[PDB]
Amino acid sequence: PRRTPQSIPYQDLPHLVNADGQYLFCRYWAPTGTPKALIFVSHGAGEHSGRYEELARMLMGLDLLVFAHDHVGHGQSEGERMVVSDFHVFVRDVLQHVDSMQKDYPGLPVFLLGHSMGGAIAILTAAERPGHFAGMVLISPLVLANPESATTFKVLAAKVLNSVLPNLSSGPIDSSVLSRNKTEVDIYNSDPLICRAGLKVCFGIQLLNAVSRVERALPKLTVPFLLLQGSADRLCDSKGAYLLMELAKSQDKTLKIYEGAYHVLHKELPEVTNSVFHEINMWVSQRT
């Protein structure tokens, strides 16, 4: 019997099969009635759909049907951990899952919510179906490579390394930079479904593919979006959020900055987390 990397059978778990025959674990948060709209939740690197529990519960509370899967190589889905053949696998797999739910709930609007790498995936998802999605919620999305370590030299070097040692990794990224809320850094550090191993060069390069593709997609992007960004984010610099507001052609685009906040705004200090949930609530309410 096919098992998750944690050794639980796929027979017992909500799942789907991708174009490459891999099993992706699925979560659903369905309202009692016929829902107003659908929203797919797109998690980031090293994490999984289960971290979106509170956000999903709140969005179901608004009569939306929330759905998600664990990306290839993440959480309860198959694949070598935090590697991907090409970054477009993540996007293809979101579009597979979206098309399936729309056949089941036709003539409904569909939204995207993405954080970090998941925001990159949300943007590329909407860029490939221009005019299809009703709205996009981005929490500190990946849009921009850190400029000190994205030099002509350090990219070529990365590519040369990839061709010899694709599995070569740097240290684990200091997880203290995720959130000022030390409880949430402790919850991250003790969740068995999170991969905290160092990033491999082959994955490093696919994240640069994502950055390049997001930046080239920004000028042709017209989907409504809410963008939430922390000023002291050491993983996705606040500059990238400003760039998204400059280059996107979307007529309906809103930026909120959280002064002094780190990367995981939905798991930040309660003052920030509550404002984040409230603003996602308000923005989705008005557009449904």
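The numbering used is simple: start at 1 and walk along the sequence shown.
Figure legend: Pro166 is marked as unmodelled in at least a third of the other comparable entries of the protein. Of the other entries compared for this protein that flank it with modelled residues, a third or more give no atoms for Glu148. Averaged over CA atoms, B-factors in the entry run higher in 13-21 than in the other of 13-21 and 260-268. Comparing 169-177 with 191-199, the higher mean C-alpha B-factor in the PDB entry belongs to 169-177. The residue among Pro35, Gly50, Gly230, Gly46 whose C-alpha carries the highest B-factor in the deposited model is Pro35.
Looking only at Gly75, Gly79, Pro109, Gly119, the residue with the top Cα B factor in the deposited structure is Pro109. Ranked against the other modelled residues of its chain, the C-alpha B-factor of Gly240 as given in the entry falls in the middle third. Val41: CA B factor lies in the lowest third for its chain, per the PDB record. Sort the chain's modelled residues by C-alpha temperature factor and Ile139 lands in the lowest third, per the entry. Sorting the modelled residues of the chain by their CA temperature factor places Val83 in the middle third.
Among the modelled residues of its chain, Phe153 has a C-alpha B-factor that falls in the highest third, as given in the PDB entry.
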